[PDB]
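1. model the following, please.
(chains A, B, C, D, E, F and G)
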Amino acid sequence: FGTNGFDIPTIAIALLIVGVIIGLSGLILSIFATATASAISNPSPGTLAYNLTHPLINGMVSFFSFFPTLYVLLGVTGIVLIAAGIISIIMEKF
Amino acid sequence: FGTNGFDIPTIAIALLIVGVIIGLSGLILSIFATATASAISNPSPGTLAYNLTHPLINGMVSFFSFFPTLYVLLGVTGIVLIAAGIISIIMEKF
Amino acid sequence: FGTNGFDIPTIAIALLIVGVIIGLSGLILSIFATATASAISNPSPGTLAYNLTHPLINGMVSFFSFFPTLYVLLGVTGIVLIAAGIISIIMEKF
Amino acid sequence: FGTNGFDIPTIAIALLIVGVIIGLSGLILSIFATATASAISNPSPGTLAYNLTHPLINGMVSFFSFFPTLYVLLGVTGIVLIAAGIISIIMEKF
Amino acid sequence: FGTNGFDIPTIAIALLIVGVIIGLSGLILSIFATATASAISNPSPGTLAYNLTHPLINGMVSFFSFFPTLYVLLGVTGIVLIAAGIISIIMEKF
Amino acid sequence: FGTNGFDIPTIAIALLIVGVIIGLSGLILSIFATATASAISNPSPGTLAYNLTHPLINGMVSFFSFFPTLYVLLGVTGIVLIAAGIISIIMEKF
Amino acid sequence: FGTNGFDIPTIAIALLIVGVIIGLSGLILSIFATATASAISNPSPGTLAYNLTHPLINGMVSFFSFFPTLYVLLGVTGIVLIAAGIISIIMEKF
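-> Numbers count the residues shown, from 1 in each chain, chains lettered A, B, ... in the order given. Take a look at the structure below.
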């Protein structure tokens, strides 16, 4: 069901795969992050261990705050792909 | 699901891998830094051992303060990669 | 996840390795310096042993004071590397 | 019941084995630790035997406090394995 | 009764096997866990044996709390397999 | 239950072995140290035997104070090993 | 009545043998322990014979307290064996 490489069943299967992979990723990352939160403690506000450890958790927080826009762009990509498929169909179907 | 090398499932798997590696790194570094903090003591403010040891902990603090911006740039890189993928799709999909 | 040699997982692993090595180095050097401080005594301010020993501890102090800037430059190097990676990606990704 | 190496009965048997081994380990370690606690006495707070023995029990306590996160990560591994199996099934089942 | 490798009797037999194995596993693990609970005692809240033994039972509890989601994913896998079978039948049966 | 050399049952057995060996070591060392403490006496603060014997017990105390950090690092090693196993699974399971 | 080595009559005979041996063991041990209790006397709480004899009876009590869990595990083993037999039958009977 297509012209050259645009196959609606294939597109649906691809959506299946990407959705499942994203759900799995969220699951694994949350489960691991819970363990991370449990492991690290809060020594004191101003002792040696605080100076030693604080920037690491800061970087953790920053990167995990960067994730959302990555996910948003990844979502946007599919609309572009489907759109290109529609246009390619229209171009030479007539 | 792509054109030449841009594969959304592959991108999601890459995000999985990088997130997990970063979480693991933070965990290991914090656990080790706790041991470091426990090991080193505070001899005295002005004796020989203080002169011998203070610059080392200063360098420790400095490098660990350098980590956050490294993490931030590492996070920024992915947006650039996804963006280049979107543009490459758009260029020859039509 | 990259173009030619820039791999974000590899970068994260490299950061793991360098951070751990630096922590280990600080630990070992501090532990050894404590033993050094314990071993050497203070004979007298003006006897033969003082003339014999003082410049050595002076050199010790000087070199250990040189360490911090070495560590700072070592930290700076990584930002340059990540930056070059970003630029290299941008150059031919489009 | 699978495609290449993913067999749900085999997975269930593996879960059987790991659960039983972990239960056995906890049992043996607790039984032995009771004997350890019974054997060692408390000589005095400041005599020779205290200096001789205290760091050993400190190391005991530390290592046994390290066990929990090891167990948690060991538990996390199975979700990753099952997840990879699901994805591998989905990839070429269609 | 199938096309290439999808056999409804074989699927039913596989469901038989997995269900029986899971029931057996639950039975054995519960019976063994009862013995574990009977064996270990509660020495005191703060003595040596408590420090020696508490993290082990903590790890026990954690891993056994991890089991449920493993079972849930294992259950989910079968729907995917049956679904892939249905789609494969539909693809070339017509 | 693994890919190449990472076997969760094998890991659990290894944890069994290391925990038991560490418990045994603590037991034997404490029992022997009690005998050492009983054997050596305190002659006098300033006689010949004191000069002859004091540094030996000082070295005893020092080494036994060094033990704890050794144990801590030994504990840290296992988290690294399990982490490497998880990453290796993730790398080529997908 | 079986497939390869699983014979229900043989299993029943094995249960016969193990039950009878366990009953005999309990009988003999109790009869002998009565004689032991009769033989040893209670000299005094603090004389030489008390110091000479008390730890022996302590070890007696400890070992005999260890027996119950041994018996429990021995009982658990049979359920595992019968379970493995059932699974082996199911595997290739169909």
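
2. would you map the helices across chain A?
-> A:8-39, A:48-93 (DSSP state H).

3. for residue D:89, which of those is the nearest?
-> With Cβ to Cβ as the measure, helix A:8-39 is the member of those nearest residue D:89 (10.5 Å). To be clear about C-beta, it is placed using only N, CA and C from the backbone, and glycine gets the same treatment.

4. related to what we said a few turns ago, quick one: closest of the helices of chain A to residue E:64.
-> helix A:8-39 (15.4 Å).

5. residues of the closest one that come out buried?
-> A:11, A:13-14, A:17-18, A:20-22, A:24-25, A:28-29, A:31-32, A:35-36, A:39 (16 or more other Cβ atoms under 10 Å in any protein chain shown).

6. that helix close to chain C?
-> No. Helix A:8-39 stays clear of chain C (Cβ under 8 Å from any Cβ of the partner chain), getting no nearer than 14.1 Å.

7. now do that helix: which elements does it pack against?
-> With contacts defined as 3 or more Cβ pairs under 8 Å, 6 or more residues apart in numbering or on different chains; DSSP states H and E, the packing partners of helix A:8-39 are helix A:48-93, helix B:8-39, helix D:48-93.

8. now do 7 Å
-> Here helix A:8-39 touches helix B:8-39, helix D:48-93, going by 3 or more Cβ pairs under 7 Å, 6 or more residues apart in numbering or on different chains; DSSP states H and E.

9. now those as JSON lines including distance to residue A:90?
-> Formatted as JSON lines, those follow (distance: least, Cβ to Cβ, whole Å):
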{"stretch": "helix B:8-39", "distance to residue A:90": "24"}
{"stretch": "helix D:48-93", "distance to residue A:90": "31"}
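
10. so which of the helices of chain A comes closest to residue G:67?
-> Nearest to residue G:67, of the helices of chain A and by Cβ to Cβ, is helix A:8-39 at 39.4 Å.

11. how far off centre is that closest one?
-> Helix A:8-39 sits 8 Å away from the centroid of its parent chain (Cα atoms, centre = their mean, to the nearest Å).

12. tilt between it and helix B:8-39?
-> 10 degrees (axes from the mean of the first three to the mean of the last three Cα atoms, to 10 degrees).

13. helix D:48-93 and helix A:8-39, what's the angle between them?
-> Using the same axes, to 10 degrees, the inter-axis angle of helix A:8-39 relative to helix D:48-93 is 170 degrees.

14. rewinding a little: which stretch among the helices of chain A comes nearest residue D:2?
-> Among the helices of chain A, helix A:8-39 sits nearest to residue D:2 (Cβ to Cβ), with 17.8 Å.

15. re earlier: okay, the helices of chain A in CSV with distance to residue G:43 next?
-> As requested, the helices of chain A are exported to CSV (distance: least, Cβ to Cβ, whole Å):
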stretch, distance to residue G:43
helix A:8-39, 56
helix A:48-93, 59
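
16. what's next to stretch A:60-71, contact-wise?
-> If you take Cβ atoms under 7 Å, 6 or more residues apart in numbering or on different chains as the criterion, stretch A:60-71 is touched by B:15, B:22, B:26, B:68, B:71, B:72, B:75, B:78, B:79, B:82.

17. of all the helices of chain A, which one comes closest to residue E:87?
-> Of these, nearest to residue E:87 by Cβ to Cβ is helix A:8-39, at 8.7 Å.

18. point to the residue nearest the middle of chain A.
-> For chain A, the residue sitting closest to the mean C-alpha position, by Cα atoms, centre = their mean, is residue A:71 at 4.1 Å.

19. please name the nearest non-neighbouring residue to residue A:4.
-> Nearest non-adjacent residue to residue A:4, counting by Cβ to Cβ, 6 or more residues apart in numbering or on different chains: residue A:88, 7.5 Å away.

20. again with residue A:20
-> Per Cβ to Cβ, 6+ apart, closest to residue A:20 is residue D:90, 6.5 Å.

21. how far away is that neighbour from residue F:89?
-> According to Cβ to Cβ, to the nearest Å, residue D:90 and residue F:89 sit 18 Å apart.
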